[PDB]
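Data first, discussion second: the structure below is written as structure tokens.
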Amino acid sequence: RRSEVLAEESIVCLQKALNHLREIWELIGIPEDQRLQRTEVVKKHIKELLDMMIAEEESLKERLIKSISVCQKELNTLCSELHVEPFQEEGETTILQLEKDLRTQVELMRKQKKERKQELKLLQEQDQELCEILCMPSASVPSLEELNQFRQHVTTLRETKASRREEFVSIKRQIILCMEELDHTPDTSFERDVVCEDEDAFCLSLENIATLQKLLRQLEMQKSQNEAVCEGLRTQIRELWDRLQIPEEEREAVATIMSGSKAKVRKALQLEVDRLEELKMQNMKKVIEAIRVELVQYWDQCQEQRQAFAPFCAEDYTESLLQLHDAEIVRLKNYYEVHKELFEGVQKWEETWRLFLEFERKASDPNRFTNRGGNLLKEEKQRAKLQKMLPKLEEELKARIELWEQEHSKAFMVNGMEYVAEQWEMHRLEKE
Amino acid sequence: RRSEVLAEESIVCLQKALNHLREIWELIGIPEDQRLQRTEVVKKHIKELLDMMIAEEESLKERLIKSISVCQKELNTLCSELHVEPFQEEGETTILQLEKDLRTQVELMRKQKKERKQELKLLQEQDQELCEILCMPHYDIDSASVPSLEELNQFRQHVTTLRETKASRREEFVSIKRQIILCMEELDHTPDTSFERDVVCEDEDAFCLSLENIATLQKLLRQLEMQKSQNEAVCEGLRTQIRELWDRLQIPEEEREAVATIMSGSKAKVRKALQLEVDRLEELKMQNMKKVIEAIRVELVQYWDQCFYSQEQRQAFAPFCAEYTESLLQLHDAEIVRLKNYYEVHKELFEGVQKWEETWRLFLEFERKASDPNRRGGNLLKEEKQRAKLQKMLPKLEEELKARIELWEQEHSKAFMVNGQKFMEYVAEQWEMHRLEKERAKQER
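In the order they appear, the protein sequences are chains E and W. Under UniProt numbering, the residues of the first sequence are numbered 2 to 138, 144 to 308, 312 to 425, 429 to 444, in order. Under UniProt numbering, the residues of the second sequence are numbered 2 to 324, 326 to 377, 381 to 450, in order.
What follows is the structure, encoded as structure tokens:
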């Protein structure tokens, strides 16, 4: 209602213009023909202009419809690449507005397509990283369900990753504890990257996990070994504590050696076992030697025969050789205990003969009246008493030797009564 | 009425186009605003084109009217400058044809002015050529910035008259030049001045035909005519002299015919010729009169010798030695006539006078032969006879002469003395010597 008014206005203007021109031509005076020519020129140019306008607007219409075709097809495809219903049913098919709608919706489809494709790439990247660390391994225009499922997959991978990382952390902690306990620094490459490196850069494959647990198994095996060896040494020490005096205070002093599995406590155990065993051993040598001293004591009271037994020679001193010498000394003491009343007479007789011979000697020296001790009758009478005891001693002890030979078969010797009677004969030949 | 039809037709065309665009709008879904603005632009360009064309045409019209006014003004200016009626036509009441015709008259009258100017300059360029030769102004009022038909006609007539008069005066120039050339050819007088050179030596087209110049030419002709009159006169005097000297002496018609054949006019060196002849005649005459005189002189002396013995008496003639005026000749005539008749009267007397001596010498010879020392020639007796005859003859003449002398001396004169005083003393002396011869002879005997 406004464009029509403008149009009629323009037409009116053209009318007034034509009137004015015709009036001018009339005034100047042009014989119709050239007026008709001029008007034909005017109508020509105006025709040109108007046809130009019309052609322009027509080509605009062509632009609009072609646009509509292209967008129609493209949207028809983008409703297939995705799963969205095509918008329509407004009721107003104003081609400007309709084209605007198509173009805009298409733009949106492009946008969400690019967004979903990009998201696909990103999820593929995350999946790549997770498949890379856990060691557990087209692509264009997806949907939405595929996306969700993929997201679920990724989340599961992340959760399992967290699990493996926690487990690895704990096992690494325990492993550090072990390697410290055993006084051990990382040597093997895997042990190095597990303990020294760590930092979660350590791969969390099933391979690495199994290897890890294996290493832990080895370590705990070692710790168990050490505790077993050491405790065994401890029981040996107990055995040494029951087979000896061992006052409480020394047990208390050792009580730190009954500790753990550490090499120093082990070496301590060894040291103590060695030292205690050697100690007891030295006690064996000692006591055995003492028994031998008692033996020497009783040998004189009772040479080849004494040499016959002697097994103590050499360094082997134990409870074995101990009981050997103990049994022997007991037997010997039991021998002399029964034959004391026989040997005492031998000693007494030897002494008697000795001082008798002495008194005989002092009674022969012609310078006894010049160089001697007082009381001549004392020495003489005492000597006579010795000469009285001597045969009766040889008599009273004569009925014992035969009895011994009756009990103990064979004969008895000493230092090689034969020698006794030989001594008597020596005396009888001395005064000759 | 058809232009309006095509106009409204084009209007319907615009309506159709606008409805077509409205249609095109309806075909699609287009708002009011953009269509309104586009229609507004259409209106803008339509108004633009219309205003443009209407501006061009309006301009053209107002320029046409302007040009009309200007051409009318200029037409009035040129109609005032020259003298032409402002022509037009009432039928053409239109603007276009009016303007066109106006500037047409403009260009035409401009051509008229230019033509008149060129004609003016032409007439001036002929005038300048002729007036210089005529040595006169002959300039009209003649404004070099203003022309006029009648004045142009007057100029034409003026120039043509100048041409006619030029041809006339030049004709006179040629005629007089010819006459002068002839008179000079006869008088033989090569131009000694510069003007004569300007006439005959400078030749044609260079003569300044001023009236004074022509007067000088006439003056030259009068000079040649003058000298011609002089020479004609001189030669007339000479002519008369020749006929005259002819008449004085003997004039033959044969020799006169010869001179006539030798005779000419008064041209060249005829004066030198005739003169030479005049004096020649004067010489001839001079000889003639002399010759006669010479002859007469002889005769005089002859008649002196036949009478006059005294040299003084002969010298008493006075002029005789003088040398030839008519007076001298006539004087000789009178003298000799006088002497001739004077002698003729005394003819017999002087004859006897000579006869006396003629007989005396002879007689003395006969007497000398009479002494006769030789005693010679033949005839002695005859000689004696004739001697006696002479002796008888002498006294007859002696007394005769003595009387004639006495008769003559008595009345006619006073005295006389032939060959000295006492004319007889010669006679008496001869008689004395003869008497001496006789005395000597008589003494010898």
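Each residue gets a CB set at the ideal place from its N, CA and C atoms; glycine is no exception.
Under 9 Å between C-beta atoms of residue i and residue j
i	j	result
residue 325 of chain W	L83 of chain W	A break in chain W separates 324 from 326, and the residue in question, residue 325 of chain W, sits inside that break with no coordinates.
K118 of chain E	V147 of chain E	yes
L221 of chain W	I182 of chain W	no
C132 of chain W	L163 of chain W	yes
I12 of chain W	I12 of chain E	yes
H439 of chain W	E369 of chain W	yes
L301 of chain W	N232 of chain W	no
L51 of chain W	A18 of chain E	yes
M185 of chain E	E197 of chain E	yes
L79 of chain E	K114 of chain E	yes
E283 of chain E	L331 of chain E	no
residue 325 of chain W	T95 of chain E	In the structure shown, chain W runs from 324 directly to 326, leaving residue 325 of chain W without coordinates.
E405 of chain E	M429 of chain E	no
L15 of chain E	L76 of chain W	no
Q219 of chain W	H190 of chain W	no
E10 of chain E	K45 of chain W	no
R170 of chain E	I215 of chain E	yes
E444 of chain W	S373 of chain W	no
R381 of chain W	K371 of chain W	yes
N-terminal and C-terminal residue of the alpha helix (DSSP H) that residue i is part of
i	result
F174 of chain E	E151 to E187
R377 of chain W	Per DSSP, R377 of chain W belongs to no alpha helix (DSSP H) and is neither H nor E.
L386 of chain W	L385 to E416
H439 of chain W	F428 to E449
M290 of chain E	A269 to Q307
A145 of chain E	Unbroken run through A145 of chain E: none, as it is neither H nor E.
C236 of chain E	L212 to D248
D204 of chain E	Neither: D204 of chain E is in no alpha helix (DSSP H) and is coded neither H nor E.
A261 of chain W	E254 to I263
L331 of chain E	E328 to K371
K17 of chain W	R3 to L28
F318 of chain E	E313 to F318
Cβ neighbour criterion (16 or more within 10 Å) applied to residue i
i	result
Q106 of chain W	buried
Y140 of chain W	exposed
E100 of chain W	buried
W436 of chain W	exposed
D128 of chain W	buried
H417 of chain E	exposed
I294 of chain W	buried
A323 of chain W	exposed
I263 of chain W	exposed
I297 of chain E	buried
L285 of chain W	exposed
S267 of chain W	buried
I47 of chain W	buried
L277 of chain E	exposed
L395 of chain E	buried
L150 of chain E	exposed
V200 of chain E	buried
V299 of chain E	exposed
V423 of chain E	exposed
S81 of chain W	exposed
Proximity test, residue i beta-carbon vs the ligand GTP heavy atom, cut-off 8 Å
i	result
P253 of chain W	Although the ligand GTP was asked about, the structure shown includes no ligands whatsoever.
* Asked: Do the segment 335 to 346 of chain W and the segment 381 to 391 of chain W touch if we need at least three Cβ pairs shorter than 8 Å?
  -> With a cut-off of 8 Å, the segment 381 to 391 of chain W and the segment 335 to 346 of chain W do not count as touching, because too few Cβ pairs lie within range.
* Asked: Counting pairs of Cβ atoms below 8 Å between the segment 152 to 160 of chain E and the segment 238 to 248 of chain E, do you hit three or more?
  -> Result no; under three Cβ-Cβ pairs closer than 8 Å.
* To do: For the segment 30 to 95 of chain E, list the beta strand (DSSP E) runs that are entirely contained and at least 3 residues long, ordered along the chain.
  => Complete beta strand (DSSP E) runs here, min 3: none at all.
* Between the segment 406 to 416 of chain E and the segment 344 to 351 of chain E, do at least 3 Cβ pairs fall closer than 8 Å? -> The segment 406 to 416 of chain E, when compared against the segment 344 to 351 of chain E, does touch it at the 8 Å Cβ threshold.
* Counting pairs of beta carbons, one from the segment 35 to 46 of chain E and one from the segment 67 to 85 of chain E, are three or more of them closer than 8 Å? -> A contact between stretches requires three or more CB pairs, one per stretch, nearer than 8 Å, and the segment 35 to 46 of chain E fails this requirement with the segment 67 to 85 of chain E.
* Asked: Is the number of C-beta pairs between the segment 324 to 331 of chain E and the segment 358 to 366 of chain E that are closer than 8 Å three or more?
  -> Result no; under three Cβ-Cβ pairs closer than 8 Å.
* Is there contact here, the segment 57 to 67 of chain E with the segment 13 to 33 of chain W, by at least three beta-carbon pairs under 8 Å? -> Counting Cβ pairs under 8 Å, three or more are found: they touch.
* Counting pairs of Cβ atoms below 8 Å between the segment 168 to 176 of chain E and the segment 205 to 225 of chain E, do you hit three or more? -> Counting Cβ pairs under 8 Å, three or more are found: they touch.
* Using a beta-carbon distance cut-off of less than 8 Å, what residues from the segment 76 to 92 of chain E approach chain C? -> The question asks about chain C, but that chain is absent: this structure's protein chains are E and W.
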